[PDB]
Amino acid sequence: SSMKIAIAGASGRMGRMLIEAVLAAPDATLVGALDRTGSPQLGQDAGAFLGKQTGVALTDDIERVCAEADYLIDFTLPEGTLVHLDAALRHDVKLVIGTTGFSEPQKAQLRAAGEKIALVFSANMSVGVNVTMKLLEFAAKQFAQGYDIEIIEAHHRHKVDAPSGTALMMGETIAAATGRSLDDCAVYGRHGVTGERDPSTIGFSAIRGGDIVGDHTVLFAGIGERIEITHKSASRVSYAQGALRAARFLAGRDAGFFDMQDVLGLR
């Protein structure tokens, strides 16, 4: 019953989180750990960073790892993942792709791959965030009248874009729940004489500082009451957890392109 899993970018912060997750999962075993060709770390035990001698040495031999693994979990770089994709296809590996920054042709390449292998690709592998979108969708219909909708988001001192993509996705989900679009009703920050708030407005506030990983709150502010739905990310560790649920979903599947909506039965 036990998933034979390889992890890509095994020396990276994400790869290390994925390794600790695989080791801890009772229904998975770590059988491969890849790092780039020429990495100083090649030859080290995958678990050396933690307490453990896993007996799995970091290697750059993509072919052997794909031969020996049934699953590869990959949160690295688009061109790196595409190299892994070709091996995954020839070796019939089930693939969980948490990498980001693909072009449209590359994304379509991943879908095409889904005709031959089973894979999950998602921009957000978090159980929490994906469920929160569905919660927001129900809340936006139930609170469609009498509630002013505000989206408040906090991230670290280096985030260059306001509001975050997650906040924007949340806004779109909320707008669509009543057949609207965001750019009709979105207000981004407020300064000066902003006047009476229009009841249809979706107001965004973007807080920035420290090393905050990402907090997102949707506030439904009514007359005499408030309802808040908040997601707090403490670290990329939550992506490792969703990646394993993705692997468990893929265990039942022969071929197909899937996202986290499929994995979580949300769609």
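In case it trips you up, residue 1 is the first one in the sequence shown, and so on.
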message = Mean Cα B factor from the PDB record: higher for 146 to 154, or higher for 184 to 192?
response = 184 to 192
task = Check the entry's C-alpha temperature factors for 245 to 253 and 12 to 20, then say which stretch has the higher mean.
result = 12 to 20
request  = Could you tell me which one of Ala140, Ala167, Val120, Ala108 shows the highest CA temperature factor in the PDB record?
outcome  = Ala108
ask   = Among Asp45, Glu228, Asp70, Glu225, which carries the highest Cα B-factor?
value = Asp45
Position of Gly55 among the chain's modelled residues by C-alpha B-factor, lowest, middle or highest third = highest
query = Should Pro78 be placed in the lowest, middle or highest third of its chain by the C-alpha B factor in the entry?
reply = highest
query = Thinking about Cα B factors across the chain, which third does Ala113 belong to?
reply = highest
Chain third (lowest, middle, highest) by recorded CA B-factor, residue given as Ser126 = middle
ask   = Should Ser238 be placed in the lowest, middle or highest third of its chain by the C-alpha B factor in the entry?
value = middle
